[PDB]
6 protein chains.
Amino acid sequence: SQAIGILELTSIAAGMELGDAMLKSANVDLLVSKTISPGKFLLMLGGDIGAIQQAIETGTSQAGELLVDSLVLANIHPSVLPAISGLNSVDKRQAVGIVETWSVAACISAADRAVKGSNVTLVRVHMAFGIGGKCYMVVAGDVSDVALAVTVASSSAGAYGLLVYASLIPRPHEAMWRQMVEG
Amino acid sequence: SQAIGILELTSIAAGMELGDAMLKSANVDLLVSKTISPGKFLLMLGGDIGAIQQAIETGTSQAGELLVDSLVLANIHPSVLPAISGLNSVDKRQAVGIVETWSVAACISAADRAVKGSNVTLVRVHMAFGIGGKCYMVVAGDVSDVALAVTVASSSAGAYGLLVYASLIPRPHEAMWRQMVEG
Amino acid sequence: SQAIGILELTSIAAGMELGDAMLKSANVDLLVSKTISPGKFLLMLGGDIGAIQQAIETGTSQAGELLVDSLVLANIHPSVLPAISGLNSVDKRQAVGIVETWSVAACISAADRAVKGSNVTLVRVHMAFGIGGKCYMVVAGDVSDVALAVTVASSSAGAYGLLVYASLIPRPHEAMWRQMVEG
Amino acid sequence: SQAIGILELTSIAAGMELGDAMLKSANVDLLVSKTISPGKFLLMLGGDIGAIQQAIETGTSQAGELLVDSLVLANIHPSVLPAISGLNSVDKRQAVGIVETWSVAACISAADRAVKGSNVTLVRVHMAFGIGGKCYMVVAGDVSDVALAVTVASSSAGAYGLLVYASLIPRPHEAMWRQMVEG
Amino acid sequence: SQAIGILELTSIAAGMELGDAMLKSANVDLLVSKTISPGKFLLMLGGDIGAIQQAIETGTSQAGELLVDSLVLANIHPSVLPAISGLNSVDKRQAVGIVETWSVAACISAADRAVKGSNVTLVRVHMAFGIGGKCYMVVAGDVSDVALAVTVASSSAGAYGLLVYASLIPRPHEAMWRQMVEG
Amino acid sequence: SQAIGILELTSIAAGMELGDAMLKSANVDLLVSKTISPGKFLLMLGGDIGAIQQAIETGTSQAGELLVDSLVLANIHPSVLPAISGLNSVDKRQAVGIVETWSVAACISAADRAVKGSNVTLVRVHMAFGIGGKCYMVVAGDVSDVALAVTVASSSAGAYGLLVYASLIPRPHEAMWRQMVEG
Ligand SMILES: [Cl-]
Ligand SMILES: [Cl-]
Ligand SMILES: [Cl-]
Ligand SMILES: [Cl-]
Ligand SMILES: [Cl-]
Ligand SMILES: [Cl-]
Ligand SMILES: [Cl-]
């Protein structure tokens, strides 16, 4: 029902002007607004499909040659957006699943598939260094729910040859729990 | 507890003589004894560690330059062996997990970690074309049991960078079931 | 009225999951579901056009980078489907016609043109080694019916420069009959 | 007194048409009629010299450019023909000799020399993958008879630098016996 | 019973002198006597085998270094000769078959095979540009007779890998008939 | 039980000094002590394992950079040693077996396996030109004994890909016997 808008610019100045412009243009949520090395700027938006398409169109149009990349990931589960913008709350210490991918796009799709495919909590979708680099999604819940989530997410990523590794941590320890679930 | 002994020869004649020789030498069970393209012969032995080590040593010693490859996989779960030899019986139509790898060495280790870290039935360990090629292991049971099993085995293969793909088929079809479980 | 759906994957695991997925998705019939060397998997579906298109779209979409090839051969004669899946029964020992081609697609189109173009029995459509390799179709009946079938099928394959050879064997040796017709 | 006819074609269709043609042409026995990778077809015939020469001449003439190879192995011992077409019966579990060669031609000559040179039973002449690949002949009988057979056959093959390996299995075990003598 | 003699010279002067010389030498009939691009001369003779052999021998001997090519096509059906020299009369508008080949030799042998192999009328054997270029033969009669003719002729040409295309025109049109049959 | 010690030096002077030194060091017997082309010296010692190991260690230690090669072959049959040193006596004119190899190391191992796995007389182990060159072993006795012997020894050499050829001469000739058995 929802959507992810990705707009990567070759300029920070352009990114901020365009980012502001996109927020005013429709009812969109800015999930990410950061500089990536070696000078590129990243804008990540959440919201209803039409709003995202309108913002990304306004963005790309105004962007001109400053546009590095623009992507619209459609039909995303609601939980995915806050997992991109920050963290989703975990009710209790249970099993943890981590699926590592190449590209935020692949990670988002894996996360989405996991969310539909199970009763897990999608804790967060992390980007180590920009849109094409190592990304990981963290899921929490029953060992069985986490196993299903992990297999589903791995298969999603693996299908596009962008799966790095996926792990299941039943009964994680404190140090790790805080580090996996809270960042 | 058990062990898998792998011996690949550059000659069918050598393979049969060596195969027979290995069977007489210890209390090993011939699991696989076939020709692989483009002329190489494969021998796979099952049994206790010491017997397998003795058999593989006798094999490699007598093999000389005819030896292509020799491998000894120890601390192997019982169920694994007959899944290499042939098929393991499935009590009822439930979920099916398939983990695809590069190398039987890898597939065996995946299948092993599966069985230990689950209540699944390891149906079979298939080699499409020899020891280094595409291999797949088929597990059956609860969707949750298959899910754990599939993940574990995947992470096993993934760690050595030899996972191809892995899939979960809950509620498999009339025809696909016969193919996946019966060969 | 009928259609052929061809899906070739780079993974057996993906092939089985996708194959099962396609069977559930529409009222399609699995004609071929086999591994091809050196690790690629083949899916061939028969059924009504819309069902085949939906199935192949679902297949290709889910396949991602694991997709080797996908094809939808439309407006196929009913008899072609069982000739792909297995054999069609021959009423009586009469003349035999063989048309050899490069690609199962060529072969199917040749077989289809032969079936519409004559009163022959299309015995079988055989693939020696996968979708792009040597294929052959076997027809039986009157020497005249077989001649028409063979010329038609040759002129179909030849048009795309994929005709290998075509032969007419009026009254074959029973040994040859048992081979070409009876499989 | 007898002879082996070898006709290898670049087309399956041509192979079947020509194969049928050869069977009708003279009193010849079709010992082999199979497809070889990557699309070539193999015809192996047994019979009296004149019949074989006539069939191979008819074959090669009609073959034209579709001819890959044609060979006539003359003065072959009767037992060699059924050993090519299938298996020769072994009276009792005794010693087994295996001689491995490159090319069916070399294998046939070695088998023939072994048959004349001893009281062994030539069980079978096997081709792993076509006319030029790994071929092996299996002999059975007394350890002394099998030793003579093996030395003779090895010397034959070795003379043309086409011997791969040759082994003597006195007292083979069941698993192996069934696999060496029955295929 | 009849034969075709082909003599291609590197000189028109030589061709005419040699052409005349052969006509005097035996009871041969000049079928074709024309210049081919880019300066080569072509002579085609019809008659009894011995006469053709004598004429072609005399031709090649006297030709010396001016000889491009010489060929004697033996055991040719009488109807082929006038089909080379000109046209054969068609009794009634029926189906038309066209077999296109590379080389007049391949076309002649296809035409001959078609004539023996059926009750068709061989209308003409056409050469577009010299002995090695595109040639076609036109047959007329029953759709069944024409189909048999076309399959036979195609298999002939195809065997030597010189088949271009072959077509069957049942019920040809007012204008196309005149073109296909009358040149 | 016995051992063969091989020491090849880059100097004749070093070879003689080292040779003498090795004889004094243990209860080893000098089997071979000769110059090889193009200046290298060869020493072959016979005796009990420990003595041979001590001798070869003393040899290699004192040899320094003058060492070309050193080898210790253990579990050698008595008969082998004098067949290296010179000739073994043949009781009567019977069948003769000759097994030709690359390297004396290989020839010795072949000759060994022969003697253990037969009742043949190992007549001699000949080196045409040094340790790595053509070597042959001559066995005599029953055709059956020679046959077993020849095969065993061949399979030994073949396994290391160092068999050249092997022959069986039942009923050898007046002159050839003297050459084969007496040198
Ligand atoms: Cl910033
Ligand atoms: Cl949700
Ligand atoms: Cl177990
Ligand atoms: Cl139909
Ligand atoms: Cl076949
Ligand atoms: Cl016989
Ligand atoms: Cl001894």
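Bear in mind these aren't lab numbers, they're just calculated from the coordinates by the rules spelled out. Cβ: placed from backbone, ideal geometry, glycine included. Neighbour counts: every protein chain shown.
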Please arrange C:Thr35, D:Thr151 by counting, for each residue, the other beta carbons lying within 10 Å of its beta carbon, fewest first. C:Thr35, D:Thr151
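With r defined as the distance between the Cβ atoms of C:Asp91 and C:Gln53 and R0 fixed at 30 Å, what FRET efficiency is calculated, to the nearest 0.05?
Values: r = 35 Å, r/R0 = 1.15.
Working from the Cβ atoms, E equals 0.30.
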Mind running the shape call on the stretch C:54-107? Use the C-alpha gyration tensor, a ≥ b ≥ c as the square roots of the eigenvalues: rounded below 1.5 for a/c, prolate if a/b tops b/c, oblate otherwise. prolate
GNM on chain B, C-alpha springs below 10 Å: top fluctuator among B:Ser37, B:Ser103, B:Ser155? B:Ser37
Compute the Cα gyration tensor for the stretch F:1-78, then decide on rounded, prolate or oblate, letting a ≥ b ≥ c be the square roots of its eigenvalues: rounded whenever a/c is under 1.5, prolate when a/b is larger than b/c in the other cases, and oblate in all that remain. prolate
How far is the Cα center of the stretch A:68-146 from the Cα center of the stretch F:1-73, in Å? 72 Å
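Dipole magnitude of the protein assembly as shown about its Cα centre, charges +1 at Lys/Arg Cβ and -1 at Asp/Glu Cβ only, in debye to the nearest 20?
Values: 66 positive and 90 negative charges, 183 e Å.
Dipole of the protein assembly as shown, to the nearest 20 debye: 880 debye.
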Ranked by GNM mean-square fluctuation in chain A (Cα springs under 10 Å), the top entry among A:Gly46, A:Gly117, A:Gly141 is A:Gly117
Mind checking which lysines have their Cα closer than 20 Å to the Cα of F:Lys40? Skip sequence neighbours fewer than 8 apart in that chain. F:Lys134
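Can you give the local net charge around E:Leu67? Use residues other than it whose beta-carbon is closer than 11 angstrom to its beta-carbon, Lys and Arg +1, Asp and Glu -1.
Numbers: positive: E:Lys40; negative: E:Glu8, E:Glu65, E:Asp69.
Residues near E:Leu67 contribute -2 overall.
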Would you please give the FRET efficiency between E:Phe129 and B:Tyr160, computed as 1/(1 + (r/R0)^6) with r the Cβ-Cβ distance and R0 = 56 Å, to the nearest 0.05? 0.30
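For peptide E:146-153, compute the average count of partner chain beta-carbon atoms within 10 Å of each residue's beta-carbon. Write out the running numbers ahead of the final one.
Working: counts 3, 12, 9, 2, 7, 13, 3, 1.
Per residue, the average neighbour count from other chains is 6.
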nm² value of the averaged projected area, convex hull over the Cα atoms of chain D: 9.9 nm²
The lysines whose Cα lies under 21 Å from the Cα of B:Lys24, excluding any fewer than 8 residues away in the same chain, are B:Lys34, D:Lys92, F:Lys116
Residue of E:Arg93, E:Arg171, E:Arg124 that the Gaussian network model of chain E assigns the largest fluctuation, springs spanning Cα pairs under 10 Å: E:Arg171
Applying the Karplus parametrisation 6.51 cos²θ - 1.76 cosθ + 1.60 with θ = phi - 60° to the phi angles of the stretch F:124-138, what ³J(HN,Hα) value in whole Hz is obtained for each residue in order, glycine and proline being reported as x? 6, 10, 9, 10, 4, 8, x, 4, x, x, 4, 10, 9, 10, 10
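Which FRET efficiency, nearest 0.05, do B:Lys116 and C:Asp69 yield, Cβ-Cβ r, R0 30 Å? Intermediate values should be presented prior to the final figure.
Numbers: r = 39 Å, r/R0 = 1.29.
The computed FRET efficiency comes out at 0.20.
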Mind running the shape call on the protein assembly as shown? Use the C-alpha gyration tensor, a ≥ b ≥ c as the square roots of the eigenvalues: rounded below 1.5 for a/c, prolate if a/b tops b/c, oblate otherwise. oblate
Cα-based convex hull, the stretch E:79-183, per residue volume (Å³, whole number): 80 Å³
Which one of C:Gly39, C:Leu67, C:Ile52 has its Cα pushed farthest toward the positive end of the charge dipole of the stretch C:1-78, where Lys and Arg give +1 and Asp and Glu give -1 at the Cβ? C:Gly39
Net dipole in debye of the stretch C:57-183 [+1 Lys, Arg Cβ; -1 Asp, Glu Cβ; about Cα centre; nearest 20]: 340 debye
Nearest 10 degrees, 0 to 90: what angle lies between the long axis of helix D:143-159 and the longest principal axis of chain D (Cα atoms)? 40 degrees
For D:128-138, mean number of other protein chain Cβ atoms within 10 Å: 3
